[PDB]
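The next block holds one structure in the form of structure tokens; read it before the comments.
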There are 2 protein chains.
Amino acid sequence: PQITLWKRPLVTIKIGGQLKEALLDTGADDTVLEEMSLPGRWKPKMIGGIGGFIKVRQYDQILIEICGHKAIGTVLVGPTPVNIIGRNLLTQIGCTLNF
Amino acid sequence: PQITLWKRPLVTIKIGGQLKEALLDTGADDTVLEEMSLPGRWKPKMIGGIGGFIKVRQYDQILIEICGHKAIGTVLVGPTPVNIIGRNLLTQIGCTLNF
Ligand SMILES: COc1ccc(S(=O)(=O)N(CC(C)C)C[C@@H](O)[C@H](Cc2ccccc2)n2cc(CNC(=O)c3ccc(CNC(=O)OC(C)(C)C)cc3)nn2)cc1
């Protein structure tokens, strides 16, 4: 749908069979989730943010359902203080910015 | 207008008489800009991000022009690696998310 920004754009996601909440984050190239139980293999990774860097695990071709819209793509897992849906998956769901 | 997210949503801003580029960042409550020459008074501040915290200066009722739309509101200044337009100003310009 349409979503205004007077509040945090928080949505429900399903990933790895689990239900979580996450932020629609146009300022994120990438999707980064708190430590979770994800099946499979993964390669080590570093990502930058305000405040410095975190080390994360990069899983590829992960299926994730975002507010009812499915996507498959990279999901990084690690010590992020907030679940973040980044542009790699926002594009897949047809999400746009309008003003 | 409308803006898709296949690339970073970077826009031109004018603030303090200067021209800069910034990210339309739905994942930011607040607007945070690199160190700049802003007129006036300001109170000390801390803000959190991925990676940890940064100390910033909080200027209030700052006028800023964002891609042609004017807003007045809080602008935090500090060691952010990227100029960030947050929800406090995105709401003022009628920016929404759509999918
Ligand atoms: C390669 O791929 C990527 C690389 C980098 C990223 S990123 O680091 O997450 N990122 C870009 C970054 C360089 C600015 C996307 C951005 O949107 C994150 C989002 C973010 C927000 C919070 C924490 C980590 C990251 N973000 C927002 C802010 C500004 N501060 C707050 O909004 C802000 C808002 C709230 C608070 C605290 N308020 C509160 O009461 O509770 C919370 C902690 C839940 C916010 C503090 C700062 N600082 N970081 C993403 C992907």
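By convention in this document, chain letters (A, B, ...) are assigned in the order of the sequence lines, proteins followed by strands, and residues within each chain are numbered from 1. Indexing begins at 1, ligand by ligand and atom by atom, following the structure's order.
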Nearest 0.5 Å, what's the OG1-CZ distance between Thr4(A) and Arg87(B)?
10.0 Å

So which protein residues pack against ligand 1 under 4.0 Å, heavy atoms counted?
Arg8(A), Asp25(A), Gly27(A), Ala28(A), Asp29(A), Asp30(A), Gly48(A), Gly49(A), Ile50(A), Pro81(A), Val82(A), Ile84(A), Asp25(B), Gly27(B), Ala28(B), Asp29(B), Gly48(B), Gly49(B), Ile50(B), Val82(B), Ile84(B)

Answer yes or no: are there more than 12 heavy-atom neighbours, outside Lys14(A) itself, under 6.0 Å from its atom NZ?
no

Do NZ/NE/NH1/NH2 and the carboxylate oxygens of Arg57(B) and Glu35(B) come within less than 4.0 Å?
yes

Minimum heavy-atom distance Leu5(B)-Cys95(A), with the two atoms named
CD1-O, 3.4 Å

Could you tell me whether the side chain of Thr26(B) and the main chain of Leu24(A) form a donor-acceptor pair under 3.5 Å?
yes

Which heavy atom of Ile93(A) sits nearest a heavy atom of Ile66(A), and at what distance?
CD1-CG2, 3.7 Å

